[PDB]
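Here you get one chain, nothing else, as structure tokens; it is the form deposited in one PDB entry.
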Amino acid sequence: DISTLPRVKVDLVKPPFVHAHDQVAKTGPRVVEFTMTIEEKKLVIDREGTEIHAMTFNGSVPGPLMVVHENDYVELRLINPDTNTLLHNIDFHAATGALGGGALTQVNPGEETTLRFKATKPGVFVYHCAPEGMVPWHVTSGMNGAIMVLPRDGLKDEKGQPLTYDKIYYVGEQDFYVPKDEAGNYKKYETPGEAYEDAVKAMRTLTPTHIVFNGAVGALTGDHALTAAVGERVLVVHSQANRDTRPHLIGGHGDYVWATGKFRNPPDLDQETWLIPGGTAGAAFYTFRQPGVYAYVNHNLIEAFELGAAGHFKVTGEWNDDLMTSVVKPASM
């Protein structure tokens, strides 16, 4: 009787931050209550000022990271305000049945719905909007996030020993397909219906115009760089709802990686780069050993440095000259 279970309300935070949670479950199974409000909004996604009509969960690209434990129940109140124009829904890859919930959550502007599902499998998973007949358009407009279902006894390494992170970040990577004219300039549109065919044409090229973290070129840089201290253990959850990516921490590694995101599997050790398939969330655990600036990228380096799939860590602490040193600094022959 689910009515006999504790309810806990989560208050979500904007990526790349993650709402408060316990790695090791401090209670029995719970109904974990989430509310998200769909927001269609204009977003500037690059340095040139290219502006798209984004389709978001809770105002952000990606949508926020939801965190529960295995065999909790996720109960999501999904709100589509009458300020929006389109029908939306939600598919949880973590859930079982009804297209991940998409068949049960169709909300027109001015409607809401509440979905409950049992989180029976531990892992990080994509969630995304998926309205029948317009699925890739919603997804590639930004309407996707992730949910982490932690094992009730937290994470474990390949030998069954605990892995405990000190910090977690959620990197949502988004492929956009901004329609171009024959000369190669981006087109803009009066209404979503006038945009639709050109959106479909642009998607069918299979060539993103932009690939970004946290919704825009440079979003995880400067005053919004990710941070860590030397010696800190950091989990980076990374999702891509529509296209493969190959994350890499420039100057570091994935000490333990679940490339396809499912924690009943032993992690891959010592990864330089790992493949997260489109439609998947993955997670990488790293203990920082050196201070300084790191870049965290999709290691198709064109996708990283030309199309936007690059963020930064700023890491504080002492430099270890045993691990790396400039023996002879650049100088002239």
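When you see a residue number, it is the position in the sequence shown, counting from 1. In this text, the rigid core denotes the largest set of C-alpha atoms whose superposition between the two forms falls within 1.5 Å.
The discussion below concerns the form deposited in another entry, not included here.
Aligning the rigid core between this form and the one not shown and inspecting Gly193, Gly133, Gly97, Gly160, the C-alpha positions shift by 2 Å or more at one residue, which is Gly193. Once both forms are fitted on their rigid core, the CA atom of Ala183 lies 2 Å or more apart between this form and the one not shown. Look at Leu99 and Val32: in that other deposited form their Cα atoms come 3 Å or more closer than in this form.
By 3 Å or more, the C-alpha separation between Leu99 and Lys9 shrinks in that other deposited form relative to the form shown here.
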